[PDB]
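Single chain ahead, by itself, as structure tokens, in the form deposited in one PDB entry.
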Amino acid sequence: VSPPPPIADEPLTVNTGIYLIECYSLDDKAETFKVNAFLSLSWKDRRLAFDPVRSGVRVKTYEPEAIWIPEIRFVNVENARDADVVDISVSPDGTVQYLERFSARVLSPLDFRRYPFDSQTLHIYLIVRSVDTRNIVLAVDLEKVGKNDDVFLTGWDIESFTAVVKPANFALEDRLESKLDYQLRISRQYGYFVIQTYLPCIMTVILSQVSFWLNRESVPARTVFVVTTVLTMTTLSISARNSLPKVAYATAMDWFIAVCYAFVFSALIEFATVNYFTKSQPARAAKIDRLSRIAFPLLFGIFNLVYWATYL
């Protein structure tokens, strides 16, 4: 079969709508998420029109093989979606209403700069390619767009699911392409990380500062403190970066871990300095420890104040 003829020289618009049923498997490392939703299309094929009075039927349903149906494709997807046609109902005037349920693995990049205080805008791009008989354009039926109430992305807050009404039509390989942009905005729930990374870092800084209260003569103890806290800092750094894709930039968590490492390494340099001035000039070492015991936790407290105040 072939596309319906134009009543003049006008483009055929397909009213689209997506209703999210299930939303799962948001992969930060793969920058993909799995979706299972309704796809609804609606166009006008006057060849299928009929008299509502002579025909005692009010709708009349067809099978996908019976009538022409537009080839609608997703762009930012890994494999072609798995779709099951739910219903096809033509109107007495020829208005075809098509409804399927599909599942797909969507590939949408994420911006981890404000991670884990980041919000994302996942994109689902519909697209249709014009035929030689007629140009096809996509539209948005807001009545057919939405998401179920029990849709959940564990670890995220789902903000909204909308669509950009004005489609992007463009030339591609000598044919017209019409693209729609469905947008799922979310905001990450950072609490999980506060006890996953932020607490080990803060407690490691505190543990490193405890060394300033040990006697300056007991070198091995303070050495254990400093060294173990520095290595612990490095381990937390790598471990934390192992959850993200190979992004080139640095996240907010990256900055917090970096400042913590600065404090711990500062405690190391301090321990080395004091140990260097212990035999000769014991007054200097005593002053260094005495001042550090007040400055370190103070600067650290101010830092946490500015940080959590900023990212919350």
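Counting begins at 1, following the sequence as shown. Only residues modelled in both forms are compared. Basically, rigid core = biggest C-alpha set you can superpose within 1.5 Å across the two forms.
Only in words, not in the display: the form deposited in another entry, which the text now covers.
Once both forms are fitted on their rigid core, the CA atom of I7 lies 2 Å or more apart between the shown form and the other one.
Once the rigid core is overlaid between the shown form and the other one, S55 counts among the residues whose Cα shifts by 2 Å or more. Mapped along the sequence, displacements between the shown form and the other one of 2 angstroms or more at every C-alpha, sustained over at least 3 residues after core alignment, occur at 1-8, 52-56.
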